[PDB]
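Have a look at the structure below before the remarks.
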Amino acid sequence: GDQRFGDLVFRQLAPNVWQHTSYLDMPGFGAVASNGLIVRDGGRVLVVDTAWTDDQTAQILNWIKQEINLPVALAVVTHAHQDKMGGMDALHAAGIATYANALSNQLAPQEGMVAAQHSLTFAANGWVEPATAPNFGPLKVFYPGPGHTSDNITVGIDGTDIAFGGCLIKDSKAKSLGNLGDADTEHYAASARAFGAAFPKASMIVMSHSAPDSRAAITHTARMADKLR
Ligand SMILES: O=c1cc(CP(=O)(O)O)c2c(F)cc(F)cc2o1
Ligand SMILES: [Zn+2]
Ligand SMILES: [Zn+2]
């Protein structure tokens with residue numbers, strides 16, 4: 001199922017959905033995989049998250065050209081850390097319109113990231129303000145509250161059983177919540193559960209650092225986060 005393409009890995013999840021995976025050495029710790037998504041919506045392609053680097057992100061675009069061969073209409077990135085925004089310049093060089101949580105764009109410079117071109121804003125209940133996410137097709141963007149970071153956002157794919165938790169969600173057998181350096185430990189559990197409640201039909205949960213899992217990823221992540229309080 002997995003397709004090795006250079007130093008990246010691509011896995012089809014649904015007729016119109018693929019997971020992209022890229023790797024970065026975290027010195028002394030290891031080569032960390034990070035996942036995002038590629039969605040075909042009719043005659044265009046939508047991307048969720050960059051790879052870690054510009055070069056890797058250009059390779060995602062090369063894979064899209066070879067395997068889908070339709071324009072990439074936009075990309076949305078799910079918080080201001082390198083695994084999700086490190087390739088912003090490659091998207092801009094390719095002429096792709098880019099979107100992030102307003103807070104992600106504000107944080108980008110201090111995090112060493114390049115901001116996206118457009119800012120998403122969110123209603124009090126967490127759903128994106130639709131005028132800020134034009135032409136998102138089946139992508140349904142939800143801010144679940146602070147968790148892995150204060151700016152973390154999540155994405156459901158309408159018409160599929162897939163929802164993407166990014167770095168908020170860990171798999172159903174994960175031993176830890178990963179990098180909590182920028183986390184909101186008090187609100188993490190509620191934010192994880194809010195993600196699950198926003199996408200009740202999603203039976204396939206996609207996340208940054210593990211293979212797609214069942215909804216037990218959500219319950220297990222929230223149960224682990226209960227202990228942080
Ligand atoms: O494996 C990692 C992955 C990340 C990126 P993320 O948190 O978005 O997964 C990371 C980071 F951003 C800061 C850090 F200090 C250690 C880290 O270690
Ligand atoms: Zn992160
Ligand atoms: Zn992460």
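Below, each value reflects all heavy atoms present in this structure, side chains not excepted, and no hydrogens, waters or symmetry copies. Both counts, for ligands and for their atoms, begin at 1 and track the order of listing. Along the sequence shown, residues carry numbers from 1.
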Test log, rule salt bridge (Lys or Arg N to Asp or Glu O under 4.0 Å), inputs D226 and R193: CA-CA 11 Å; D226 284 336; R193 294 189 171 105; 2.9 Å; yes
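- Among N152, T149, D151, the single residue meeting the side chain to side chain donor-acceptor pair (under 3.5 Å) criterion with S104 is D151.
- With waters neither drawn nor counted, the protein N/O/S atoms under 2.8 Å from the Zn ion (ligand 3) amount to 2.
- Annotation: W52 places no N or O atom under 3.5 Å from an N or O atom of ligand 1; distance criterion only.
- Within the 4.0 Å heavy-atom shell around ligand 1 one finds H79.
- When the options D2, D7, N35 are evaluated for a side chain to side chain donor-acceptor pair (under 3.5 Å) with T21, the one that passes is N35.
- Ring pair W63/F10: centre-to-centre distance below 6.0 Å.
- Side-chain contact of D184 with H148: a donor-acceptor pair under 3.5 Å is absent, judged by distance alone.
- Among protein heavy atoms, atom 2 (C) of ligand 1 sits closest to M26 CE, 3.5 Å.
- Among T149, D83, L180, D49, the residue whose heavy atom lies closest to atom 6 (P) of ligand 1 is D83.
- With ring centers used as reference points, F5 lies 6.0 Å or more from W18.
- Side-chain atoms of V9 and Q3, non-hydrogen and from C-beta on, never get closer than 4.5 Å to each other.
- Between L168 and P144, some side-chain heavy-atom pair lies under the 4.5 Å cut-off.
- The structure places OG1 of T154 at 9.5 Å from CD1 of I205, a figure rounded to the nearest 0.5 Å.
- A donor-acceptor contact closer than 3.5 angstrom is absent between the side chains of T50 and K84.
- Remark: ligand 1 atoms within the under-4.0 Å shell around heavy atoms of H81 are 6 (P), 7 (O), 8 (O), 12 (F).
- Compare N179, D182, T78, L24 by their heavy atoms: the one nearest to atom 12 (F) of ligand 1 is in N179.
- The name of the N, O or S atom in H79 nearest to the Zn ion (ligand 2) is NE2.
- Using a 4.0 angstrom heavy-atom cutoff, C167 counts as in contact with ligand 1.
- The aromatic rings of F136 and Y99 stand perpendicular to each other, their planes meeting at an angle above 60°, with 30° marking the opposite boundary.
- Under 4.0 angstrom from ligand 1, the non-hydrogen atoms of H209 all belong to its side chain.
- Put simply, no part of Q82 is less than 4.0 Å from ligand 1, judged by heavy atoms.
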